[PDB]
Amino acid sequence: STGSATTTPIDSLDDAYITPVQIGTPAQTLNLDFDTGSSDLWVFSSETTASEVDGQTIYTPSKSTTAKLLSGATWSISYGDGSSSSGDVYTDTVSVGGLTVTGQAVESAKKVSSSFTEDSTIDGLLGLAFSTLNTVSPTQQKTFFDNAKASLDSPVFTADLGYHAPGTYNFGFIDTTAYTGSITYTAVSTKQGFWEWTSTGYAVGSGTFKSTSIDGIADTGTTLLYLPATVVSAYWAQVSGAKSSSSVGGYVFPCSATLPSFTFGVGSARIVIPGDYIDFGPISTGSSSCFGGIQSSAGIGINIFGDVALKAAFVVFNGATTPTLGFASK
């Protein structure tokens, strides 16, 4: 089997991407944030505290003839940005782009933190990291991809995120019309539960490539590109007036600037992020100070190849017995 679904930016800055997902019988369609950095499929629901729902579409398990309460199971998750959610668990039928899993754990939120409430466009998350990170207790549950893998034509999914435009998540096949050149595959460590790999270095604009190993994670659920402070300083030094602002929380730059590109290495191959992809717009409405899309990972503990990086590539998440990642230009 295969599936194919369009993923769409939630706003004009590509702050996140949403993908429609059918849950239950009859189908209830929710727009979920596909997140290769976590492993829980959770939704706003009829059980979510009413004051914490503000415009999201909710899953109502009592209206699904295939929903079954997973007795005794709870979940609770905290994300790197400080947001969180928790609740109980149903199993139900879940379809993405024509690909159907029966018995998928659907984690129904009883509580969500304020940033989720405040984002009316995201109805939940669909985790695509490794199932070892799933938070369901006392019986850990599998991701959608893990449940579908055996049925897929090939045990892979691909992310093709657009810049200020829709893109595509495919399951079970590699669309050879969606990229240029070849796909370069690189080793993955699953020891932390992430799609963790080592970039071979970087360049800033037309500058010379620096060969240096950068361990990090391919994370569709993180908006920006978080890299070591040395790398980030070298980038922003090429932008007149750019500075790190402790009060704003990262590098900012004059909105009048034209940003240089940023290149990262995948083995001997190179992925070029155009300068425009690194502009996240005014820090507050009407400001002439703009927020940068490349930020330091120094306070995270891990480097994160988020959407800023991934949207410049066609990315293969290869879930073969030994997982790997593939990157192509597009």
# chains A, B, ... in the order shown; residues from 1 in each chain; ligands from 1
call {"tool": "residues_around", "arguments": {"residues": "region 260-271 of chain A", "least_positions_apart": "6", "cutoff": "10 Å", "atoms": "only C-alpha atoms", "output": "NGL selection string"}}
result
:A and (182-187 or 197-207 or 209-214 or 235-236 or 238-239 or 277-278 or 294 or 305 or 309-310 or 312-314 or 325-330)
call {"tool": "residues_around", "arguments": {"residues": "residue 165 (chain A)", "least_positions_apart": "5", "cutoff": "10 Å", "atoms": "only C-alpha atoms", "output": "compact mmCIF listing (two decimals) with C-alpha atoms, in the first residue's frame"}}
result
# COMPACT_ATOMS: atom_id res chain seq x y z
CA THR A 7 0.78 19.45 3.84
CA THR A 8 0.01 23.17 4.06
CA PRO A 9 1.68 26.04 5.98
CA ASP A 11 0.44 30.97 8.10
CA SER A 12 2.43 33.23 5.78
CA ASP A 14 5.58 28.68 7.45
CA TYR A 17 2.54 22.66 8.47
call {"tool": "closest_residue", "arguments": {"among": "A:223, A:168, A:244, A:4", "to": "residue 98 (chain A)", "atoms": "only C-alpha atoms"}}
result
A:4
call {"tool": "closest_residue", "arguments": {"among": "A:230, A:246, A:95, A:208", "to": "residue 22 (chain A)", "atoms": "only C-alpha atoms"}}
result
A:95
call {"tool": "residues_around", "arguments": {"residues": "residue 93 (chain A)", "least_positions_apart": "5", "cutoff": "7 Å", "atoms": "only C-alpha atoms", "output": "ChimeraX atom specification"}}
result
/A:23-24,66,100-104
call {"tool": "select_by_dssp", "arguments": {"residues": "region 114-272 of chain A", "states": "alpha helix (DSSP H)", "output": "ChimeraX atom specification"}}
result
/A:114-117,144-148,229-236
call {"tool": "select_by_dssp", "arguments": {"residues": "region 13-181 of chain A", "states": "strand (DSSP E)", "output": "PyMOL selection string"}}
result
chain A and resi 17-23+28-35+41-43+68-78+84-96+99-112+124-127+156-160+167-171
call {"tool": "closest_residue", "arguments": {"among": "A:170, A:151, A:143, A:318", "to": "residue 19 (chain A)", "atoms": "only C-alpha atoms"}}
result
A:170
call {"tool": "closest_residue", "arguments": {"among": "A:194, A:163, A:79, A:226", "to": "residue 37 (chain A)", "atoms": "only C-alpha atoms"}}
result
A:194
call {"tool": "closest_residue", "arguments": {"among": "A:161, A:136, A:53, A:70", "to": "residue 112 (chain A)", "atoms": "only C-alpha atoms"}}
result
A:53
call {"tool": "decode", "arguments": {"residues": "region 203-216 of chain A", "atoms": "N, CA, C and O atoms", "output": "compact mmCIF listing (two decimals), in the first residue's frame"}}
result
# COMPACT_ATOMS: atom_id res chain seq x y z
N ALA A 203 28.26 25.99 4.59
CA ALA A 203 28.80 27.21 4.00
C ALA A 203 27.78 28.33 4.19
O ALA A 203 26.58 28.09 4.30
N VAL A 204 28.29 29.56 4.21
CA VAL A 204 27.45 30.76 4.31
C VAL A 204 27.54 31.50 2.99
O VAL A 204 28.63 31.92 2.57
N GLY A 205 26.39 31.71 2.36
CA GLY A 205 26.37 32.38 1.07
C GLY A 205 27.30 31.71 0.09
O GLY A 205 27.31 30.48 -0.04
N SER A 206 28.08 32.51 -0.62
CA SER A 206 29.05 32.02 -1.59
C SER A 206 30.38 31.64 -0.95
O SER A 206 31.35 31.39 -1.68
N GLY A 207 30.45 31.59 0.38
CA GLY A 207 31.69 31.28 1.06
C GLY A 207 32.12 29.84 0.89
O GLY A 207 31.41 28.98 0.39
N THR A 208 33.35 29.57 1.32
CA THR A 208 33.89 28.22 1.21
C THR A 208 33.24 27.29 2.23
O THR A 208 32.91 27.68 3.36
N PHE A 209 33.08 26.03 1.83
CA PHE A 209 32.48 25.02 2.69
C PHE A 209 33.44 24.66 3.81
O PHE A 209 34.63 24.40 3.57
N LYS A 210 32.93 24.63 5.04
CA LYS A 210 33.65 24.19 6.22
C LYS A 210 33.27 22.74 6.51
O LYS A 210 32.11 22.45 6.80
N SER A 211 34.25 21.86 6.43
CA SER A 211 34.02 20.46 6.76
C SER A 211 34.10 20.30 8.27
O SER A 211 35.15 20.51 8.88
N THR A 212 32.97 19.92 8.86
CA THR A 212 32.88 19.72 10.30
C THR A 212 31.63 18.89 10.56
O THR A 212 30.60 19.09 9.91
N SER A 213 31.73 17.95 11.49
CA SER A 213 30.61 17.07 11.81
C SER A 213 29.61 17.78 12.71
O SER A 213 29.96 18.29 13.78
N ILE A 214 28.34 17.78 12.30
CA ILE A 214 27.26 18.40 13.06
C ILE A 214 26.18 17.35 13.29
O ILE A 214 25.39 17.05 12.39
N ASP A 215 26.13 16.80 14.50
CA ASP A 215 25.11 15.82 14.86
C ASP A 215 23.80 16.54 15.16
O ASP A 215 23.78 17.48 15.94
N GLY A 216 22.70 16.07 14.56
CA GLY A 216 21.43 16.70 14.87
C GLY A 216 20.28 15.83 14.42
O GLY A 216 20.48 14.74 13.90
